Amino acid sequence: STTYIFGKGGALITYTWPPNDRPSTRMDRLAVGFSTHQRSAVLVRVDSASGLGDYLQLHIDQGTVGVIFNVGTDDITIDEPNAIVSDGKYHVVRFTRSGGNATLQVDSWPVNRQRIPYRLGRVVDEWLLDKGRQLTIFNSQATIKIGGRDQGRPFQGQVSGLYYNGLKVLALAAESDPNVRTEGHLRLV
Ligand SMILES: *[C@@H]1O[C@H](CO[C@@H]2O[C@H](CO)[C@@H](O)[C@H](O)[C@@H]2O)[C@@H](O[C@@H]2O[C@H](CO)[C@@H](O)[C@H](O)[C@H]2NC(C)=O)[C@H](O)[C@H]1NC(C)=O
Ligand SMILES: [Ca+2]
Ligand SMILES: [Ca+2]
């Protein structure tokens with residue numbers, strides 16, 4: 001696992017697909033480990049090419065993980081309101097999108113009366129029961145931006161082992177892949 005520390009003042013890791021083979025997908029799969037004391041941050045954002053409305057965004061609002069996405073139609077929110085993640089401890093998020101449906105999993109190891117921190121998984125599913133086929137495709141994904149600096153909501157804390165549709169974006173940043181740029185106050189562990 002590759003780990004980055006996002007320090008004070010923000011940082012940005014950006015993966016840019018080659019402009020002539022940008023993926024379009026029905027299903028997206030995001031995994032990421034992190035720790036932060038922030039109650040409000042953007043962690044990951046995938047943007048479609050300019051001129052398209054499509055995006056995927058992983059964030060923390062009021063101390064809980066949520067994902068908001070748009071594949072052409074409406075903004076779709078899936079939140080995990082029962083897991084506090086802003087305690088400075090390690091959490092793992094797993095997000096799968098399928099059309100306008102999504103699964104959001106948040107793993108934690110809570111110490112609570114003090115106890116042995118066995119794992120507590122919390123999964124949320126979100127389905128759209130709309131007769132006929134809706135807009136299901138995330139079109140021409142252009143950038144994955146990690147650290148929230150371009151949303152004005154900079155992440156501060158650790159990020160570990162990010163995985164998005166096959167890409168281990170942090171392993172590629174650490175090895176200086178030509179499609180990754182790293183900026184700001186960032187350090188590799
Ligand atoms: C989005 O998900 C819907 C609904 O999923 C179905 O319903 C329940 C919701 O709780 C869920 O438990 C099941 O997993 C189940 O699949 C999908 O809607 C289905 O679409 C297919 C093909 O169009 C139809 O044959 C079904 O009638 C229809 N189900 C219903 C209840 O309308 C939808 O396909 C899916 N979208 C994508 C892109 O995967
Ligand atoms: Ca679309
Ligand atoms: Ca449908």
Side-chain angles (χ1 to χ4, degrees), residues 12-34 41-85 91-108 119-153 155 159 161-170 172-173 177-181:
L12 205 57
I13 305 182
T14 302
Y15 184 96
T16 308
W17 278 279
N20 190 28
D21 229 352
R22 290 171 167 143
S24 295
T25 56
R26 186 148 153 159
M27 289 197 61
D28 297 299
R29 301 162 182 110
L30 182 56
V32 60
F34 68 93
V42 173
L43 262 92
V44 183
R45 191 179 168 104
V46 195
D47 290 87
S48 52
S50 56
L52 299 168
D54 303 13
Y55 71 94
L56 183 37
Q57 173 175 297
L58 170 73
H59 61 251
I60 290 153
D61 294 351
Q62 310 173 64
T64 81
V65 182
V67 166
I68 182 170
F69 65 94
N70 190 304
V71 294
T73 38
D74 253 297
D75 281 347
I76 298 152
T77 299
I78 183 175
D79 292 330
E80 179 33 72
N82 304 299
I84 166 96
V85 298
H91 307 280
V92 176
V93 168
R94 297 191 182 269
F95 172 79
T96 310
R97 175 189 78 82
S98 166
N101 306 335
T103 303
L104 174 54
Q105 173 172 12
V106 183
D107 304 294
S108 305
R119 185 192 24 181
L120 186 66
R122 294 201 164 269
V123 177
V124 176
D125 292 17
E126 171 284 291
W127 292 279
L128 180 65
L129 311 194
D130 209 356
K131 172 58 179 171
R133 301 159 170 104
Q134 279 64 56
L135 302 193
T136 52
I137 303 302
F138 187 177
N139 291 93
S140 300
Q141 297 157 53
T143 55
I144 310 167
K145 289 158 175 214
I146 309 149
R149 207 189 206 189
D150 283 11
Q151 287 309 100
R153 294 216 287 153
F155 179 80
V159 190
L162 197 138
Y163 166 100
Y164 181 80
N165 295 337
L167 298 171
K168 313 172 228 192
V169 190
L170 312 177
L172 290 171
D177 184 279
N179 297 322
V180 198
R181 315 262 138 265

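In what follows, residues are counted from 1 in the order of the sequence shown. Only heavy atoms go into these numbers, but all of them, side chains included; no hydrogens, no water, no symmetry mates. Counting convention: from 1, in listed order, for ligands and their atoms alike.
- Every atom of ligand 1 with a heavy atom of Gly99 under 4.0 Å away is listed here by number and element: 38 (C).
- Nearest to atom 23 (O) of ligand 1 among the protein's heavy atoms is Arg133 CG, 4.8 Å.
- Backbone or side-chain N, O or S atoms of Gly132 reach the Ca ion (ligand 3) at under 3.0 Å.
- At a cut-off of 3.0 Å, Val71 is counted among the residues with an N, O or S atom near the Ca ion (ligand 2).
- Within the listing of ligand 1, atoms 38 (C) sit less than 4.0 angstrom from a heavy atom of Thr136.
- Distance alone, capped at 3.5 Å, places no donor-acceptor pair between the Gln141 side chain and the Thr143 backbone.
- Judged by distance alone, the side chain of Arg153 and the main-chain N or O of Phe155 form no donor-acceptor pair under 3.5 Å.
- Angle OD1(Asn139) to the Ca ion (ligand 2) to OD2(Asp54): 90° [nearest 10 degrees].
- For atom 14 (O) of ligand 1, the closest heavy atom belonging to the protein is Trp127 NE1, 3.8 Å.
- In summary, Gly53 places no N/O/S atom under 3.0 Å from the Ca ion (ligand 2), failing the contact criterion.
- Here the heavy atom of the protein found nearest to atom 39 (O) of ligand 1 is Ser98 OG, 3.1 Å.
- Under 3.0 Å from the Ca ion (ligand 2) lies no N/O/S atom of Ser48, from backbone or side chain alike.
- For atom 9 (C) of ligand 1, the nearest protein heavy atom is under 4.0 Å away.
- The two residues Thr77 and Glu126 come nearest to each other via the heavy atoms O-CG, 4.4 Å.
- Contact check on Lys168 versus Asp177 returns no salt bridge, with no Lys/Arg side-chain nitrogen under 4.0 Å from an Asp/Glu carboxylate oxygen.
- Atom 6 (C) of ligand 1 has its closest protein heavy atom at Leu129 CD2, 4.5 Å.
- Other residues, nucleotides and ligands contribute only 12 or fewer heavy atoms inside 6.0 Å of the CZ atom of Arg94.
- Listed by number with element, the atoms of ligand 1 under 4.0 Å from a non-hydrogen atom of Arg26 are 37 (C), 38 (C), 39 (O).
- The N, O or S atom of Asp130 lying closest to the Ca ion (ligand 3) is O.
- Within a 4.0 Å radius of atom 25 (O) of ligand 1, the protein has no heavy atom.
- Of the protein's heavy atoms, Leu128 O, 4.5 Å lies nearest to atom 18 (O) of ligand 1.
- With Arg97 contributing its side chain and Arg26 its backbone, the two residues share a donor-acceptor pair below 3.5 Å.
- Neither the backbone nor the side chain of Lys131 has any atom closer than 4.0 Å to an atom of ligand 1 (non-hydrogen atoms only).
- Partner of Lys145 under the side chain to side chain donor-acceptor pair (under 3.5 Å) criterion, chosen from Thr14, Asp47, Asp150, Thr16: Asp150.
- Checking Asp28 against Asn165 by side-chain atom types alone, a donor-acceptor pair falls below 3.5 Å.
- Atom 2 (O) of ligand 1 has its closest protein heavy atom at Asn101 ND2, 2.3 Å.
- Within the 4.0 Å cut-off (strictly below), a protein heavy atom is located near atom 36 (N) of ligand 1.
- More than 12 heavy atoms of other residues, nucleotides or ligands sit less than 6.0 Å from atom CG of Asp130.
- Contact annotation: for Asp125 versus ligand 1, there are no heavy atoms closer than 4.0 Å.
- Using a distance-only test at 3.5 Å, with no hydrogens or angles considered, no donor-acceptor pair links the side chain of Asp125 to the main chain of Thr103.
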#### Entry: Test side chain to side chain contact (heavy atoms under 4.5 Å, CB included) applied to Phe34 and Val85, step by step
CA-CA 9 Å; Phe34 68 93; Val85 298; 4.0 Å; yes

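- The protein does not reach atom 28 (C) of ligand 1 closely, with no heavy atom under 4.0 angstrom from it.
- When all heavy atoms of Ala49 and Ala142 are compared, the pair lying nearest together is N-CB, 3.6 Å.
- For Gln62, the CD atom is loosely surrounded, since the number of other residues' heavy atoms within 6.0 Å does not exceed 12.
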